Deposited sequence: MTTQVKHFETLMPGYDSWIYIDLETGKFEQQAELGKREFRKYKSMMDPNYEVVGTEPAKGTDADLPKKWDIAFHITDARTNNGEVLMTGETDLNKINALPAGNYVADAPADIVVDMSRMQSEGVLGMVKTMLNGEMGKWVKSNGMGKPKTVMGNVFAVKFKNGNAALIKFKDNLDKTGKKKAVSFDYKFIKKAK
């Protein structure tokens, strides 16, 4: 288990991801590459008509070479990882992954384009993979309200045998106007 490391960055827009290599602390930015569906919604109902499509601009082969976890706004994805939101809130009081119910990534739609939501009630959506558990790093206070960063340490097991313990710090910049992802973490290299 490494010392505690830190990661922080201001987030890009709805059409982009950051990909974090937890081992090196480095990240790369990249657009969502998946095919898009423009959906017109009849009032927060899941009933919609398809009004447009743009083809995919790439495939998973185009993804950055080395990454463990990834963020799109507040959505989270792992590179073949399983996540458990533990009950621990002090990252200094934990140095190994506990037993429990670890959650794999599952199919999910993300919002890639929200520019025509006000004018038309249309959203560009892409079908991708998200990790539902890690997604809990921010808790909604209800719509139209700033979310709150949860204090819990998240445990992450990777297929490759590495692991991490992550505690989120911030989802906004200092002004509180711009999105961000900030956390402290310990990396546990497969021995």
- Query: Where does the model have holes with respect to the deposited sequence?
  - Reply: 1, 44, 194
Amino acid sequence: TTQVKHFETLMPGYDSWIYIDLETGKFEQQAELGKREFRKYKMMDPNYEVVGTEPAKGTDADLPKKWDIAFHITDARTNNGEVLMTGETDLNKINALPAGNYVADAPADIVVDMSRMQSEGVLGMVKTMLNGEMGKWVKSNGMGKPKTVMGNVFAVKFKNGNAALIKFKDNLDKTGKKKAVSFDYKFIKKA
From here on, numbers count along this sequence of modelled residues.
- As stated in the PDB record, which stretch has the larger average Cα B-factor, 54-62 or 162-170? 54-62
- Query: Looking at the deposited entry, does 112-120 or 85-93 carry the larger mean Cα B-factor?
  - Reply: 112-120
- Task: Among the candidates 47, 152, 148, 131, give the one with the maximum CA B-factor reported in the record.
- Result: 47
- Note on the structure: Of the three thirds of the chain ranked by Cα temperature factor, residue 67 occupies the lowest
- Within this chain, which third does the Cα B-factor at residue 42 fall in: lowest, middle or highest? highest
- Task: Could you say whether, by C-alpha temperature factor, residue 136 belongs to the lowest, middle or highest third of its chain?
- Result: lowest
- Note on the structure: Of the three thirds of the chain ranked by Cα temperature factor, residue 190 occupies the highest
- Could you say whether, by C-alpha temperature factor, residue 31 belongs to the lowest, middle or highest third of its chain? lowest
